[PDB]
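Structure first, commentary second.
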Amino acid sequence: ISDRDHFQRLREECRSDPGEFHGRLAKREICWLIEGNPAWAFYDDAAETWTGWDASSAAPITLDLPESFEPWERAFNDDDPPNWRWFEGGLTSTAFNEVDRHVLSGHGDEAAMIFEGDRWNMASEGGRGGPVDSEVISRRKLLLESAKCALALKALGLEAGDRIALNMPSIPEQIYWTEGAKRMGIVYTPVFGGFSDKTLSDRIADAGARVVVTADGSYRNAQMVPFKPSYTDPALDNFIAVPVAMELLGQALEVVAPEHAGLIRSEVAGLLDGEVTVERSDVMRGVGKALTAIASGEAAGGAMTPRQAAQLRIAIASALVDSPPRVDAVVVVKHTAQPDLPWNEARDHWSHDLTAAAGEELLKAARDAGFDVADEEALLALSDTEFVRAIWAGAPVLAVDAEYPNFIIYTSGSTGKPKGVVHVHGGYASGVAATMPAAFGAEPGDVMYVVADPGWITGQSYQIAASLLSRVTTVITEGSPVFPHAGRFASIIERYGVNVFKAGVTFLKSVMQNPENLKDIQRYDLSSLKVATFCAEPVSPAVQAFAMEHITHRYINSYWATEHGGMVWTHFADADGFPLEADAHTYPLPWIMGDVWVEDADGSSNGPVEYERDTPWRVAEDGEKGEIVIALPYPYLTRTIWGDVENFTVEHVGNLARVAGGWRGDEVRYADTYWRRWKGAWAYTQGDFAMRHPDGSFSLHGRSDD
Ligand SMILES: Nc1ncnc2c1ncn2[C@@H]1O[C@H](COP(=O)(O)OP(=O)(O)CP(=O)(O)O)[C@@H](O)[C@H]1O
């Protein structure tokens, strides 16, 4: 896949009548469950018919209406103003297209992931250096270990709707659990290890995760950094959700004078407004301001008996500390294996204990289906088709509606606590999968090194999702691309023959400080690189040029944010009409109706609008800085903010799951933040300063909001 000419961009852009267009590609990039018996299949151009696999064994072909057929009930739905639904009624799975598909298509021994640990042997590789820890993960191992994780989550009592929180380093085990969570429909939240125990506590509370998966520690810069004792433990122990503190506050308050009780509730509520979880002390300090005010006698009359005030302080204290457990169990990966790890016998589980038991359950089920596998060694001797048949015996894949939530990732906003955006299985997977051949030359078998952490959207969408979806080996790195020296990322490229490089900008500018760092990069053979990209911050044309001369010529710039789900502004592989200069410019993809608008008191407010509205802006002039916007939705865009948990209920019957109609997360807060900027029109407003150029290119100049 790739766009040839400048004519092609514009043919596709107008051709992009949302439904028909994205529908054409989604049939091909990812597989769908189609009706005979049900089968995972996709439209294969090389075969011009739907190829695929039986949902209970091996490979057939289904010829029903092939180009025209639609595995969904309706491609595109535009009835609500910003609440879009793509491929409704279609059953798919992020886990299947990321794991099972490729084993099941005869690429089991292929390298899904290359993992590199942080620690470094300078003298390895004849003085060039090598990692201390490193592993190549076959697609069959990724399927086995994740299927084991899936059964472990089930054994913990998790159902298809429930939610988990991951607080882990970039290591292979996080992927295993993540892909295992997808296999069971369990929605997860990756919490990067750089945040604070109170951030992790807020994301647990808000996601409603009753299980957490963390680690004992990781290795950052050749030093053992604890994880569980420093994040998960305090987040669960030392914080409670504000509605729980109030509930317990009401219980404590129930031999009290109603006027005194009322003052106490409001006093604490104002100190907790906007917060998600807080330390129990924040509540007490609030009570002390209310009691001291009552002892004064000046508020709401009343006069607390010194004894009564003390009794209240005791009842409220005792209730907050005896709060109920926030989590049913915490899973702990042994990774650093440091001594004297704080342990809670009532909730802590060693991941290996649970995954091993999950293997025996996996092996027993296979034997009940007649495979004759006494041990994991026997299993990893079957063919690809029979290997995956055996896995399905005990850990089948759950097929979820296209709009089923895949994960919840939090990103900081202009006001208030960071919010969690939802990404579904359907549009999200088919969308990012398409950007790989469109922006890079990414074909199956290639290798991609994405400098990222699964806690970031680059981690979720490209390090993991777009890689496993495209059958492109991904390099998992535990540490920084410049530790110990500036040539670390170059060494990885050389030794694994990386073909695609996706990273930020800061690591390079730190390289350009002293000239000595460049020499370290020049040690390594980067000829395997056919494209790199910038993607996380504004890059100066000086950086891009430096990187063009010393890493790879085709070092493009790409713009997108957590909400975008995948790249929306990039450069096109093997295209003719679109040049590439060291100007930090980017092009909008055809399905992206990007434009730059600006507030103007005298507002024509009649630009490119496919969806208008009632309730001052104008199309910015070439070279005029304003807001960057998208006027038409697309599949892999976030659907809503995570909310309305009370009405999130999954219909789970058999190995099929859907979200009971009527749930749209916190729809209101979603539209207000992203879609209700421009009066008169419906357009997505990411909040970034960009400016259009005559040749159809864009240049970004930083965040516009706060
Ligand atoms: N090519 C680019 N040029 C300039 N700024 C960019 C950019 N790409 C992203 N940004 C900026 O990054 C911000 C997005 O924050 P977010 O963290 O969700 O995306 P990201 O690219 O940083 C994911 P990650 O943390 O994985 O790197 C954008 O809002 C925008 O300010």
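Just so you know, all these numbers are worked out from the coordinates, no wet-lab data involved. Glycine gets a Cβ as well: all are built from the backbone with ideal geometry, and neighbour counts include every protein chain shown.
Farthest toward the dipole's positive end in the chain, which of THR615, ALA366, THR62, given Cβ charges of +1 (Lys, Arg) and -1 (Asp, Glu) about the Cα centre?
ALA366
Which translational diffusion coefficient, to the nearest whole µm²/s, is obtained for the range 129-214 from the Stokes-Einstein equation, given a Kirkwood hydrodynamic radius over C-alpha pairs, 20 °C and 1.002 mPa s?
Details: Rh = 13.7 Å.
This corresponds to a translational diffusion coefficient of 157 µm²/s.
If neighbour count is taken as other Cβ atoms inside 10 Å, put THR214, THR411 in order from fewest to most. Could you put the intermediate results ahead of the total?
On the way: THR214 27, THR411 14.
Result, fewest neighbours first: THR411, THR214.
In debye, nearest 20, what is the charge dipole magnitude of the chain about its Cα centre with +1 on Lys and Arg Cβ and -1 on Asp and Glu Cβ, if you could check? Walk me through the numbers before you get to the answer.
On the way: 60 positive and 102 negative charges, 272 e Å.
Once rounded to the nearest 20, the dipole reads 1300 debye.
Taking a quarter of the surface of the convex hull around the Cα atoms of the range 419-477, what do you get in nm²?
4.1
How large is the convex hull of the C-alpha atoms of the range 312-454 per residue, in Å³? Mind dumping the intermediate values first?
Values: hull volume 39.5 nm³, N = 143.
Each residue corresponds to 276 Å³ of Cα convex hull volume.
Find, to one decimal place in angstroms, the Kirkwood hydrodynamic radius of the range 29-88, where the mean of 1/r is taken over every pair of different Cα atoms and then inverted.
Computed over Cα pairs of the range 29-88, the Kirkwood hydrodynamic radius comes out at 12.7 Å.
Give me the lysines in straight-line cross-link reach of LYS502: C-alpha distance below 16 Å, same-chain residues under 8 apart excluded.
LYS530
Answer with one residue from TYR404, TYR587, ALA245: the one whose Cα lies farthest towards the positive end of the charge dipole of the chain, charges on Cβ with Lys, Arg +1 and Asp, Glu -1.
Final value for the positive-end residue is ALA245.
Can you tell me what share of the DSSP beta bridges in the chain is antiparallel? A percent to the nearest 5 is fine.
Bridges in the chain that DSSP calls antiparallel: roughly 65 percent.
Quick one: grab the alpha carbon gyration tensor of the range 551-706, order the square roots of its eigenvalues as a ≥ b ≥ c, and give me rounded if a/c is under 1.5, else prolate or oblate depending on whether a/b is larger than b/c.
oblate
Once phi is turned into ³J(HN,Hα) by the Karplus curve 6.51 cos²θ - 1.76 cosθ + 1.60 with θ = phi - 60°, what whole-Hz value does each residue of the range 398-412 show in order, with x for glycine and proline?
7, 9, 10, 3, 4, 8, 5, x, 8, 7, 10, 10, 8, 9, 5
Per residue of the range 134-139, what does 6.51 cos²θ - 1.76 cosθ + 1.60 with θ = phi - 60° give for ³J(HN,Hα)? Whole Hz please, x for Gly and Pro, Karplus curve as stated.
6, 8, 9, 9, 6, 4
Using Cα positions and a limit of under 26 Å, work out the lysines in reach of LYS148, with same-chain residues fewer than 8 apart set aside.
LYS148 reaches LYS182, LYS228, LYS334, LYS364.
Using only the alpha carbons of the range 460-603, what is the convex hull's orientation-averaged projected area in square nanometres? Mind showing how you got there, number by number?
On the way: hull surface 43.9 nm².
Quarter of the Cα hull surface area: 11.0 nm².
Where Rh is the Kirkwood radius over the Cα pairs of the range 156-278, the temperature 10 °C and the viscosity 1.306 mPa s, what D in µm²/s does Stokes-Einstein return?
D, rounded to a whole number, is 97 µm²/s.
From the residues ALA147, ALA465, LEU236, which one has its Cα farthest along the dipole of the chain in the positive direction, the dipole being from +1 and -1 charges on Cβ of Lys/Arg and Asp/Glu about the Cα centre?
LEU236
With 10 angstrom as the radius, rank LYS625, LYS679 by how many other C-beta atoms surround their C-beta, starting from the fewest. Before the final figure, lay out the partial values.
Values: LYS625 17, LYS679 12.
The fewest-first ordering by Cβ neighbours comes to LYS679, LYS625.
Would you mind getting the Kirkwood hydrodynamic radius of the chain from its Cα pairs, rounded to one decimal in Å?
27.2
Which of the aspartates and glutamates could a cross-linker span from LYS198 if the Cα-Cα distance has to be under 20 Å and same-chain partners fewer than 8 positions apart are dropped?
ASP206, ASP216, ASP233, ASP237, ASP273, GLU275, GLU279, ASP282, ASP322, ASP328, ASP348, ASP453
Two-decimal Rg/Rh of the range 557-605 from alpha-carbon positions, Kirkwood Rh?
Numbers: Rg = 13.9 Å, Rh = 13.0 Å.
With Rg and the Kirkwood Rh in hand, the quotient comes to 1.07.
Nearest 20 debye, what's the magnitude of the dipole of the range 359-418 about its Cα centre given +1 on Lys and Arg Cβ and -1 on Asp and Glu Cβ?
380
Please report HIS423, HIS102, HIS652 as a ranked list, fewest other C-beta atoms within 10 angstrom at the top and most at the bottom. Before the final figure, lay out each step's value.
Numbers: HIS423 29, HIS102 24, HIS652 16.
The fewest-first ordering by Cβ neighbours comes to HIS652, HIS102, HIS423.
Report, in deg cm²/dmol and to the nearest 500, the calculated mean residue ellipticity at 222 nm for the chain, where each DSSP H run with n ≥ 4 adds -39500 (n - 2.57) and the sum is divided by the residue count.
When only DSSP H runs of four or more count, the value is -9500 deg cm²/dmol.
Using only the alpha-carbon atoms of the range 376-441 as identical scatterers, what base-10 log of I(q)/I(0) does the Debye formula give at q = 0.28 Å⁻¹?
At q = 0.28 Å⁻¹ the computed log10 ratios are -1.05.
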